[PDB]
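*Asks:* this is the structure alone, sequence omitted:
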């Protein structure tokens, strides 16, 4: 893949544009390095989808974190969640895909770096609808009911 940063950022507002279709998406926020949305996997579970480009392979990446909304008192609180793959699959859809979960030095924060090393292999070279064919391709790991 040769999709540069300015090449993938050109379709940044294209991914979210379709991402809007997501029924779980409750919040829509863009960033200067991808996008930041708030997917509501569960009424008490929030999955912060964080998209970021990687010049490593010249392609976009995927990084999300599970959250646990706790309204014990009804303050709209939440707390990062952490489970194994089998448990992480209870919501996400890996199937044959691959993911890499790593914790921080403080072991208080972690992320779910989805395997996006060989995207062109799956997505392709179509730089036209890549950001779409990519997300819509990597979205099947979050929602198999939402086909953008």
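*Replies:* The structure has been received and is ready for your questions. Numbers count the residues shown, from 1 in each chain.
*Asks:* what about the helices in this protein?
*Replies:* Remark: helices assigned in the chain by DSSP state H are 5-8, 12-19, 85-88, 119-122, 130-138.
*Asks:* ok, the most far-flung residue of the chain relative to its centre to residue 127 distance?
*Replies:* In the chain, the greatest distance from the average C-alpha position (CA atoms, centre = their mean) is reached by residue 73, at 29.7 Å. Separation of residue 73 from residue 127 (CB to CB, to the nearest Å): 49 Å. Placement of C-beta: from N, CA and C, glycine included.
*Asks:* who's the residue most central in space within the chain bridged to?
*Replies:* In the chain, the C-alpha closest to the average C-alpha coordinate belongs to residue 49, at a distance of 4.0 Å (CA atoms, centre = their mean). With DSSP bridges as the criterion, residue 49 is bridged to residue 37, residue 64.
*Asks:* which residues touch it?
*Replies:* Residue 49 sits next to 35-39, 62, 64, 142 when contact means CB atoms under 8 Å, 6 or more residues apart in numbering.
*Asks:* at 10 Å instead, please
*Replies:* 19, 22, 24-25, 34-39, 62-65, 112, 135, 138-139, 142 (CB atoms under 10 Å, 6 or more residues apart in numbering).
*Asks:* got it, and residue 94?
*Replies:* Residue 94 makes contact with 85-86, 88, 114-115, 140-141, according to CB under 10 Å, 6+ apart.
*Asks:* now residue 98. Nearest residue, chain neighbours left out?
*Replies:* Of all residues not flanking residue 98 in the chain, residue 115 sits nearest, at 3.5 Å (CB to CB, 6 or more residues apart in numbering).
*Asks:* same question for residue 125.
*Replies:* residue 1 (7.2 Å).
*Asks:* number of residues surrounding the one you found?
*Replies:* Residue 1 is flanked by 21 other residues according to other CB atoms under 10 Å.
*Asks:* shouldn't it be in contact with residue 57?
*Replies:* Yes: if you go by CB atoms under 10 Å, residue 1 and residue 57 touch, sitting 6.0 Å apart.
*Asks:* between those two, which contacts overlap?
*Replies:* Counting by CB under 10 Å, 6+ apart, the residues touching both residue 1 and residue 57 are 116-120.
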